[PDB]
Amino acid sequence: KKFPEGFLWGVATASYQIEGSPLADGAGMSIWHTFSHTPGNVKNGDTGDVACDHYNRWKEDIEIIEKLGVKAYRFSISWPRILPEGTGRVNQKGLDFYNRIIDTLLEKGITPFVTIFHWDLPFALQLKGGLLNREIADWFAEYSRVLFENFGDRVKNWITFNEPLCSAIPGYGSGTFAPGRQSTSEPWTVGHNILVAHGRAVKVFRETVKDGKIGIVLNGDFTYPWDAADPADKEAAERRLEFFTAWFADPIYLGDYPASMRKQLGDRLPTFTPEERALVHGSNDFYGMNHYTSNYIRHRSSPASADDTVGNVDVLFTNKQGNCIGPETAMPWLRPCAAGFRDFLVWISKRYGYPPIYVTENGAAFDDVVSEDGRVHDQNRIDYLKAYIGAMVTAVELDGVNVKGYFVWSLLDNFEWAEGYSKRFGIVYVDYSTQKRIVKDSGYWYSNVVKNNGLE
């Protein structure tokens, strides 16, 4: 089942999660540094200090990509490595590291997708209020510029924020991601800030790098009614999607926020300055997609609590019939079902006029163990990626969604946030003692896919 001509196959990693060395060669402190280093935040007290040591081992790592022959890499710039005071004096040690990584990538032929922002706000900007200050739009833009003027020439394909929802709700609503606040307003304000920040981010992209792609990356798990016969659930399943992901895409593609979110969030949800709307409307060149899983959604009798950020629905694993979304993975929430991946890709398409789409993250986590043969036999993770690269073809072929590339989360096992090291998403195993790298079975498996350009 061969794919379109030039379909990009990639792997994605992200600064904080693999680099290690959060402070070296002039780097500032990140909000993730702060948070992981506080009691209570992260599974076994894990932090991002060492991690994958990728900081020391990027040559080896890019090489692990080369052998695998994977046409593209998505990776972050760490903000406090480029601007430790967040603003003003730019660190050259920072650039040194990245411009290297890039140059290498291009030398060996791998395509670079850079994420301008993957969750590490400079503690410096956090002290000032962080992603809550309206001033983030200035900051963010300021930063983007430094990156465009240093990397623009060599890096064609840009992603502004990664998964803003996560930034917003886990970070100011439920308090489980950094900075860990728990408002019932702040998520919405922060969401809004990111979109104008995205806006200012992109206007300057369009002024400085008039030859490249740029977009936001949004996660979102597809939904299924809990009782299909009940129109309440079929509405709920769609409403949920709106709160999950239309929250950022409707402004981007359509001008405003979802009517459902407005109906419910009232004045907690900012209005757009027309000067704002001009920045945000049609401001991504492609739709960047992160996708993992799906749920059955049941409606709710009671009205919504102020605390709510989901759209007053029950998020489930079993529907009325007693059927179940799919089986277990290491991640207790993430159950596989590739129907949901197809379905989601269609949902987007119909809703945003068939944009070009990069699936900038797909992946699964199981409890991998190195076998006595030294190989890492992760059958279940092959199985996963089969089903989903499966569904993605169907979407492309039949429903005619214009997918354009697909990255695996992740090349390496990493620091998986509040969850620490306890969870492996790698196509490549990493024993954190020796920082040895064993290409997991599914790494060679994805190799075949890439090479053959489709599923055998």
# chains A, B, ... in the order shown; residues from 1 in each chain; ligands from 1
$ residues_around --residues "range 100-117 of chain A" --least-positions-apart "3" --cutoff "9 Å" --atoms "only C-alpha atoms" --output "VMD selection string"
chain A and resid 8 10 12 14 58 to 59 62 to 63 65 to 66 69 to 79 95 to 97 120 to 121 140 143 to 144 147 151 154 to 162
$ write_last_selection --atoms "C-alpha atoms" --output "short mmCIF file (atom, residue, chain, number, x, y, z; two decimals), in the first residue's frame"
data_model
loop_
_atom_site.label_atom_id
_atom_site.label_comp_id
_atom_site.auth_asym_id
_atom_site.auth_seq_id
_atom_site.Cartn_x
_atom_site.Cartn_y
_atom_site.Cartn_z
CA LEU A 8 7.61 12.57 4.77
CA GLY A 10 9.84 11.24 10.52
CA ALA A 12 9.92 13.36 16.89
CA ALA A 14 11.51 17.26 22.24
CA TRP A 58 23.24 13.99 19.28
CA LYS A 59 25.83 12.82 16.77
CA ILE A 62 21.17 11.47 14.35
CA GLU A 63 23.25 8.45 13.24
CA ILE A 65 18.22 7.93 12.49
CA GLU A 66 20.55 7.69 9.43
CA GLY A 69 17.07 5.89 6.91
CA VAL A 70 14.14 7.95 8.17
CA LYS A 71 13.57 10.92 5.85
CA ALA A 72 12.84 13.52 8.70
CA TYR A 73 13.47 14.72 12.29
CA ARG A 74 11.20 16.90 14.46
CA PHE A 75 12.90 18.42 17.48
CA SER A 76 12.67 21.50 19.75
CA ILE A 77 14.80 24.49 20.48
CA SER A 78 15.03 24.93 24.28
CA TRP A 79 14.09 28.53 24.97
CA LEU A 95 22.89 28.40 18.78
CA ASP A 96 26.26 26.58 18.56
CA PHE A 97 24.53 23.34 19.64
CA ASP A 120 10.00 24.88 28.62
CA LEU A 121 9.16 28.52 29.43
CA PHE A 140 7.31 34.81 21.85
CA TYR A 143 12.25 34.63 20.37
CA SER A 144 10.89 33.37 17.06
CA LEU A 147 15.41 31.52 15.53
CA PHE A 151 18.00 29.08 11.35
CA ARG A 154 18.58 25.94 6.78
CA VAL A 155 15.20 24.96 8.31
CA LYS A 156 12.18 25.00 5.96
CA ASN A 157 9.49 23.51 8.28
CA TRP A 158 8.37 25.18 11.51
CA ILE A 159 5.98 24.43 14.32
CA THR A 160 5.15 27.22 16.82
CA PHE A 161 3.64 25.86 20.04
CA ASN A 162 3.26 22.16 20.68
#
$ select_by_dssp --residues "range 263-435 of chain A" --states "strand (DSSP E or B)" --output "ChimeraX atom specification"
/A:287-290,294-298,314-316,318,324,357-362,366,376,403-409,412,424,428-430
$ write_last_selection --atoms "N, CA and C atoms" --output "CSV table (one decimal), in the first residue's frame"
chain,number,residue,atom,x,y,z
A,287,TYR,N,-2.0,21.9,8.9
A,287,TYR,CA,-2.6,21.5,10.2
A,287,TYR,C,-1.7,20.5,10.8
A,288,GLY,N,-0.9,20.9,11.8
A,288,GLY,CA,-0.1,19.9,12.6
A,288,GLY,C,-0.9,19.0,13.6
A,289,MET,N,-0.9,17.7,13.4
A,289,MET,CA,-1.7,16.8,14.2
A,289,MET,C,-0.9,15.9,15.1
A,290,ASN,N,-1.3,15.9,16.4
A,290,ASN,CA,-0.8,14.9,17.3
A,290,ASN,C,-2.0,14.0,17.6
A,294,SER,N,-8.8,7.2,21.4
A,294,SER,CA,-10.2,7.6,21.4
A,294,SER,C,-11.0,7.1,22.5
A,295,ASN,N,-12.2,7.7,22.7
A,295,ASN,CA,-13.0,7.4,23.9
A,295,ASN,C,-14.5,7.4,23.5
A,296,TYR,N,-15.3,6.7,24.3
A,296,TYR,CA,-16.7,6.8,24.2
A,296,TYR,C,-17.1,8.0,25.1
A,297,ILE,N,-18.1,8.8,24.7
A,297,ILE,CA,-18.4,10.0,25.4
A,297,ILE,C,-19.9,9.9,25.8
A,298,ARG,N,-20.3,10.1,27.0
A,298,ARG,CA,-21.7,10.1,27.4
A,298,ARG,C,-22.1,11.5,27.8
A,314,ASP,N,-19.0,12.9,30.1
A,314,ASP,CA,-18.2,11.8,30.7
A,314,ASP,C,-17.3,11.2,29.7
A,315,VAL,N,-16.0,11.1,30.0
A,315,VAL,CA,-15.0,10.5,29.1
A,315,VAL,C,-14.8,9.0,29.5
A,316,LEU,N,-15.2,8.1,28.6
A,316,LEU,CA,-15.2,6.6,29.0
A,316,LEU,C,-14.3,5.6,28.3
A,318,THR,N,-15.8,2.3,27.8
A,318,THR,CA,-16.8,1.3,27.5
A,318,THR,C,-18.1,2.1,27.1
A,324,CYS,N,-15.6,-2.1,24.5
A,324,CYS,CA,-14.5,-1.4,25.1
A,324,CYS,C,-13.6,-0.8,24.1
A,357,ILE,N,-2.0,18.2,6.0
A,357,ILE,CA,-1.8,17.8,7.4
A,357,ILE,C,-0.5,17.0,7.6
A,358,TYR,N,0.2,17.4,8.7
A,358,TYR,CA,1.3,16.6,9.1
A,358,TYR,C,1.0,16.0,10.5
A,359,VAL,N,1.0,14.6,10.5
A,359,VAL,CA,0.7,13.9,11.8
A,359,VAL,C,2.0,14.0,12.5
A,360,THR,N,2.2,15.0,13.3
A,360,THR,CA,3.5,15.4,14.0
A,360,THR,C,3.8,14.6,15.2
A,361,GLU,N,2.9,13.6,15.5
A,361,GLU,CA,3.1,12.6,16.6
A,361,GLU,C,2.1,11.5,16.5
A,362,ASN,N,2.6,10.3,16.5
A,362,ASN,CA,1.8,9.1,16.7
A,362,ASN,C,2.7,8.1,17.4
A,366,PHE,N,4.6,0.9,25.9
A,366,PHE,CA,4.4,-0.4,26.6
A,366,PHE,C,5.6,-0.5,27.5
A,376,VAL,N,15.0,-5.8,21.2
A,376,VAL,CA,13.9,-5.4,22.0
A,376,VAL,C,12.6,-5.8,21.3
A,403,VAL,N,-3.1,14.2,3.9
A,403,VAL,CA,-1.9,14.0,4.8
A,403,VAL,C,-0.6,14.3,4.0
A,404,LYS,N,0.4,14.7,4.7
A,404,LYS,CA,1.6,15.1,4.0
A,404,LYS,C,3.0,14.5,4.5
A,405,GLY,N,2.9,14.1,5.8
A,405,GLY,CA,4.1,13.5,6.5
A,405,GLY,C,3.6,12.8,7.7
A,406,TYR,N,4.4,12.0,8.4
A,406,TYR,CA,4.0,11.3,9.6
A,406,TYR,C,5.2,11.0,10.5
A,407,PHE,N,5.3,11.5,11.7
A,407,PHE,CA,6.3,11.3,12.6
A,407,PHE,C,5.9,10.4,13.8
A,408,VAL,N,6.9,9.6,14.2
A,408,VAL,CA,6.6,8.7,15.4
A,408,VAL,C,7.0,9.4,16.6
A,409,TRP,N,6.2,9.3,17.6
A,409,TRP,CA,6.6,9.7,19.0
A,409,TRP,C,6.9,8.3,19.6
A,412,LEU,N,13.7,8.2,20.7
A,412,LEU,CA,14.2,7.6,21.9
A,412,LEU,C,13.2,7.5,23.0
A,424,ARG,N,7.7,4.2,28.2
A,424,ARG,CA,8.5,4.3,27.0
A,424,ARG,C,7.8,4.5,25.7
A,428,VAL,N,13.3,3.1,19.8
A,428,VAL,CA,14.7,2.8,20.2
A,428,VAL,C,14.8,2.7,21.7
A,429,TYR,N,15.2,1.6,22.3
A,429,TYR,CA,15.3,1.5,23.8
A,429,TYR,C,16.5,2.2,24.3
A,430,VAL,N,16.3,2.8,25.5
A,430,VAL,CA,17.5,3.4,26.2
A,430,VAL,C,17.5,3.0,27.7
$ residues_around --residues "residue 374 in chain A" --least-positions-apart "2" --cutoff "10 Å" --atoms "only C-alpha atoms" --output "list in words"
residues 369, 370, 371, 372, 376, 377, 438, 439 and 440 of chain A
$ residues_around --residues "residue 28 in chain A" --least-positions-apart "2" --cutoff "9 Å" --atoms "only C-alpha atoms" --output "NGL selection string"
:A and (22-24 or 26 or 30 or 79-86 or 122-124)
$ write_last_selection --atoms "N, CA, C and O atoms" --output "PDB file, in the first residue's frame"
ATOM      1  N   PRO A  22      20.204  20.674  31.526  1.00  0.00           N
ATOM      2  CA  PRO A  22      19.320  21.845  31.334  1.00  0.00           C
ATOM      3  C   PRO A  22      19.945  23.198  31.577  1.00  0.00           C
ATOM      4  O   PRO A  22      19.293  24.213  31.299  1.00  0.00           O
ATOM      5  N   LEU A  23      21.183  23.208  32.092  1.00  0.00           N
ATOM      6  CA  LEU A  23      21.851  24.414  32.642  1.00  0.00           C
ATOM      7  C   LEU A  23      23.205  24.747  32.025  1.00  0.00           C
ATOM      8  O   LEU A  23      23.724  25.845  32.223  1.00  0.00           O
ATOM      9  N   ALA A  24      23.778  23.793  31.297  1.00  0.00           N
ATOM     10  CA  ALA A  24      25.114  23.939  30.718  1.00  0.00           C
ATOM     11  C   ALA A  24      25.282  25.116  29.741  1.00  0.00           C
ATOM     12  O   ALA A  24      24.304  25.721  29.304  1.00  0.00           O
ATOM     13  N   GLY A  26      25.635  28.174  29.521  1.00  0.00           N
ATOM     14  CA  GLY A  26      24.883  29.424  29.623  1.00  0.00           C
ATOM     15  C   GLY A  26      23.362  29.362  29.700  1.00  0.00           C
ATOM     16  O   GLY A  26      22.707  30.409  29.787  1.00  0.00           O
ATOM     17  N   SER A  30      14.343  26.521  33.158  1.00  0.00           N
ATOM     18  CA  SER A  30      13.046  26.396  32.511  1.00  0.00           C
ATOM     19  C   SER A  30      12.024  26.124  33.561  1.00  0.00           C
ATOM     20  O   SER A  30      12.369  25.722  34.667  1.00  0.00           O
ATOM     21  N   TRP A  79      14.072  27.076  24.893  1.00  0.00           N
ATOM     22  CA  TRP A  79      14.092  28.532  24.965  1.00  0.00           C
ATOM     23  C   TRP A  79      15.187  29.063  25.889  1.00  0.00           C
ATOM     24  O   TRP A  79      15.985  29.916  25.486  1.00  0.00           O
ATOM     25  N   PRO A  80      15.293  28.540  27.126  1.00  0.00           N
ATOM     26  CA  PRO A  80      16.294  29.151  27.989  1.00  0.00           C
ATOM     27  C   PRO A  80      17.733  28.841  27.563  1.00  0.00           C
ATOM     28  O   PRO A  80      18.658  29.450  28.099  1.00  0.00           O
ATOM     29  N   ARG A  81      17.936  27.906  26.634  1.00  0.00           N
ATOM     30  CA  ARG A  81      19.264  27.752  26.025  1.00  0.00           C
ATOM     31  C   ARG A  81      19.559  28.867  25.000  1.00  0.00           C
ATOM     32  O   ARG A  81      20.709  29.268  24.791  1.00  0.00           O
ATOM     33  N   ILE A  82      18.520  29.385  24.364  1.00  0.00           N
ATOM     34  CA  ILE A  82      18.746  30.456  23.416  1.00  0.00           C
ATOM     35  C   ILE A  82      18.687  31.848  24.067  1.00  0.00           C
ATOM     36  O   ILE A  82      19.432  32.744  23.681  1.00  0.00           O
ATOM     37  N   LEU A  83      17.827  32.031  25.061  1.00  0.00           N
ATOM     38  CA  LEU A  83      17.718  33.331  25.696  1.00  0.00           C
ATOM     39  C   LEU A  83      17.490  33.135  27.182  1.00  0.00           C
ATOM     40  O   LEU A  83      16.344  33.111  27.607  1.00  0.00           O
ATOM     41  N   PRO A  84      18.569  33.005  27.983  1.00  0.00           N
ATOM     42  CA  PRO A  84      18.417  32.546  29.363  1.00  0.00           C
ATOM     43  C   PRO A  84      17.638  33.542  30.203  1.00  0.00           C
ATOM     44  O   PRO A  84      16.817  33.150  31.033  1.00  0.00           O
ATOM     45  N   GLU A  85      17.868  34.823  29.968  1.00  0.00           N
ATOM     46  CA  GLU A  85      17.090  35.854  30.642  1.00  0.00           C
ATOM     47  C   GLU A  85      15.751  35.950  29.922  1.00  0.00           C
ATOM     48  O   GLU A  85      15.003  36.915  30.127  1.00  0.00           O
ATOM     49  N   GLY A  86      15.467  34.953  29.070  1.00  0.00           N
ATOM     50  CA  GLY A  86      14.220  34.860  28.287  1.00  0.00           C
ATOM     51  C   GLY A  86      14.200  35.866  27.159  1.00  0.00           C
ATOM     52  O   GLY A  86      13.618  35.644  26.118  1.00  0.00           O
ATOM     53  N   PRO A 122      11.266  29.711  29.880  1.00  0.00           N
ATOM     54  CA  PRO A 122      12.310  30.282  30.734  1.00  0.00           C
ATOM     55  C   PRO A 122      11.738  30.721  32.076  1.00  0.00           C
ATOM     56  O   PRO A 122      10.757  31.471  32.111  1.00  0.00           O
ATOM     57  N   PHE A 123      12.345  30.257  33.167  1.00  0.00           N
ATOM     58  CA  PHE A 123      11.869  30.631  34.489  1.00  0.00           C
ATOM     59  C   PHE A 123      11.813  32.152  34.491  1.00  0.00           C
ATOM     60  O   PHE A 123      10.832  32.735  34.938  1.00  0.00           O
ATOM     61  N   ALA A 124      12.826  32.774  33.892  1.00  0.00           N
ATOM     62  CA  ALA A 124      12.844  34.227  33.690  1.00  0.00           C
ATOM     63  C   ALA A 124      11.483  34.820  33.283  1.00  0.00           C
ATOM     64  O   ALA A 124      10.958  35.684  33.987  1.00  0.00           O
TER      65      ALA A 124
END
$ closest_residue --among "A:88, A:129, A:225, A:164" --to "residue 145 in chain A" --atoms "only C-alpha atoms"
A:88
$ closest_residue --among "A:264, A:47, A:245, A:321" --to "residue 348 in chain A" --atoms "only C-alpha atoms"
A:245
$ residues_around --residues "residue 390 in chain A" --least-positions-apart "4" --cutoff "8 Å" --atoms "only C-alpha atoms" --output "PyMOL selection string"
chain A and resi 338+385-386+394+455
$ write_last_selection --atoms "N, CA and C atoms" --output "PDB file, in the first residue's frame"
ATOM      1  N   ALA A 338      -7.445   2.530  15.733  1.00  0.00           N
ATOM      2  CA  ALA A 338      -7.080   3.288  14.558  1.00  0.00           C
ATOM      3  C   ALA A 338      -8.277   3.836  13.771  1.00  0.00           C
ATOM      4  N   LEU A 385       1.370   0.671  15.440  1.00  0.00           N
ATOM      5  CA  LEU A 385       1.754   1.519  14.316  1.00  0.00           C
ATOM      6  C   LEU A 385       1.235   0.990  13.001  1.00  0.00           C
ATOM      7  N   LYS A 386       1.176  -0.334  12.871  1.00  0.00           N
ATOM      8  CA  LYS A 386       0.451  -0.962  11.763  1.00  0.00           C
ATOM      9  C   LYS A 386      -0.956  -0.351  11.689  1.00  0.00           C
ATOM     10  N   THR A 394      -6.204   4.635   4.464  1.00  0.00           N
ATOM     11  CA  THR A 394      -7.651   4.705   4.248  1.00  0.00           C
ATOM     12  C   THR A 394      -8.162   6.129   4.201  1.00  0.00           C
ATOM     13  N   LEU A 455       2.937   0.237   3.986  1.00  0.00           N
ATOM     14  CA  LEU A 455       2.842  -0.971   4.789  1.00  0.00           C
ATOM     15  C   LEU A 455       2.888  -2.260   3.903  1.00  0.00           C
TER      16      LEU A 455
END
$ select_by_dssp --residues "range 120-213 of chain A" --states "helix (DSSP H, G or I)" --output "ChimeraX atom specification"
/A:123-127,130-132,136-151,164-172,186-208
$ residues_around --residues "residue 132 in chain A" --least-positions-apart "6" --cutoff "10 Å" --atoms "only C-alpha atoms" --output "list in words"
residues 125, 126, 168, 172, 186, 187, 188, 189, 190, 191, 192, 193 and 194 of chain A
$ residues_around --residues "residue 422 in chain A" --least-positions-apart "5" --cutoff "12 Å" --atoms "only C-alpha atoms" --output "PDB file with N, CA and C atoms, in the first residue's frame"
ATOM      1  N   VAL A  42       6.340  14.495  39.907  1.00  0.00           N
ATOM      2  CA  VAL A  42       6.783  13.632  38.834  1.00  0.00           C
ATOM      3  C   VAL A  42       7.048  12.228  39.399  1.00  0.00           C
ATOM      4  N   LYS A  43       6.495  11.199  38.752  1.00  0.00           N
ATOM      5  CA  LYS A  43       6.391   9.826  39.310  1.00  0.00           C
ATOM      6  C   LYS A  43       7.346   9.449  40.434  1.00  0.00           C
ATOM      7  N   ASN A  44       8.620   9.307  40.134  1.00  0.00           N
ATOM      8  CA  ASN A  44       9.479   8.769  41.186  1.00  0.00           C
ATOM      9  C   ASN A  44      10.493   9.794  41.585  1.00  0.00           C
ATOM     10  N   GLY A  45      10.108  11.054  41.418  1.00  0.00           N
ATOM     11  CA  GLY A  45      10.991  12.166  41.675  1.00  0.00           C
ATOM     12  C   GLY A  45      11.889  12.446  40.503  1.00  0.00           C
ATOM     13  N   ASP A  46      11.780  11.654  39.437  1.00  0.00           N
ATOM     14  CA  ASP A  46      12.469  11.936  38.167  1.00  0.00           C
ATOM     15  C   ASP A  46      12.494  13.430  37.747  1.00  0.00           C
ATOM     16  N   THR A  47      13.592  13.851  37.145  1.00  0.00           N
ATOM     17  CA  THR A  47      13.726  15.188  36.626  1.00  0.00           C
ATOM     18  C   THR A  47      14.293  15.090  35.215  1.00  0.00           C
ATOM     19  N   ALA A  51      18.358  12.475  31.675  1.00  0.00           N
ATOM     20  CA  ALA A  51      17.405  12.035  30.653  1.00  0.00           C
ATOM     21  C   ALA A  51      18.113  11.179  29.626  1.00  0.00           C
ATOM     22  N   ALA A 330       0.896   0.819  28.248  1.00  0.00           N
ATOM     23  CA  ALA A 330       1.518   1.295  29.491  1.00  0.00           C
ATOM     24  C   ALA A 330       0.744   2.515  30.079  1.00  0.00           C
ATOM     25  N   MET A 331       0.575   3.560  29.269  1.00  0.00           N
ATOM     26  CA  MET A 331      -0.318   4.655  29.553  1.00  0.00           C
ATOM     27  C   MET A 331      -1.775   4.250  29.800  1.00  0.00           C
ATOM     28  N   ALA A 365       3.090   3.414  24.121  1.00  0.00           N
ATOM     29  CA  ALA A 365       3.993   3.107  25.192  1.00  0.00           C
ATOM     30  C   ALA A 365       3.629   1.799  25.868  1.00  0.00           C
ATOM     31  N   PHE A 366       4.591   0.890  25.896  1.00  0.00           N
ATOM     32  CA  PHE A 366       4.401  -0.368  26.579  1.00  0.00           C
ATOM     33  C   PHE A 366       5.612  -0.527  27.463  1.00  0.00           C
ATOM     34  N   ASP A 367       5.593  -1.533  28.350  1.00  0.00           N
ATOM     35  CA  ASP A 367       6.725  -1.841  29.230  1.00  0.00           C
ATOM     36  C   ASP A 367       7.759  -2.709  28.525  1.00  0.00           C
ATOM     37  N   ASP A 368       8.587  -2.123  27.662  1.00  0.00           N
ATOM     38  CA  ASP A 368       9.644  -2.859  26.949  1.00  0.00           C
ATOM     39  C   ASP A 368      10.699  -3.411  27.906  1.00  0.00           C
ATOM     40  N   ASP A 413      13.382   6.646  23.939  1.00  0.00           N
ATOM     41  CA  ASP A 413      12.667   6.740  25.195  1.00  0.00           C
ATOM     42  C   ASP A 413      13.032   8.083  25.848  1.00  0.00           C
ATOM     43  N   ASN A 414      12.068   8.729  26.494  1.00  0.00           N
ATOM     44  CA  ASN A 414      12.335  10.027  27.053  1.00  0.00           C
ATOM     45  C   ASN A 414      11.768  10.213  28.425  1.00  0.00           C
ATOM     46  N   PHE A 415      11.924  11.442  28.921  1.00  0.00           N
ATOM     47  CA  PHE A 415      11.251  11.930  30.096  1.00  0.00           C
ATOM     48  C   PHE A 415       9.801  12.240  29.693  1.00  0.00           C
ATOM     49  N   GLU A 416       8.891  11.368  30.088  1.00  0.00           N
ATOM     50  CA  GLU A 416       7.498  11.577  29.778  1.00  0.00           C
ATOM     51  C   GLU A 416       6.788  12.338  30.899  1.00  0.00           C
ATOM     52  N   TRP A 417       7.233  13.565  31.170  1.00  0.00           N
ATOM     53  CA  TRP A 417       6.526  14.518  32.075  1.00  0.00           C
ATOM     54  C   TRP A 417       6.161  13.991  33.451  1.00  0.00           C
ATOM     55  N   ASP A 431      18.407   2.134  28.037  1.00  0.00           N
ATOM     56  CA  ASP A 431      18.784   1.840  29.421  1.00  0.00           C
ATOM     57  C   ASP A 431      19.405   3.103  29.986  1.00  0.00           C
ATOM     58  N   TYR A 432      18.825   3.674  31.032  1.00  0.00           N
ATOM     59  CA  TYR A 432      19.324   4.960  31.510  1.00  0.00           C
ATOM     60  C   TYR A 432      20.634   4.895  32.327  1.00  0.00           C
TER      61      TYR A 432
END
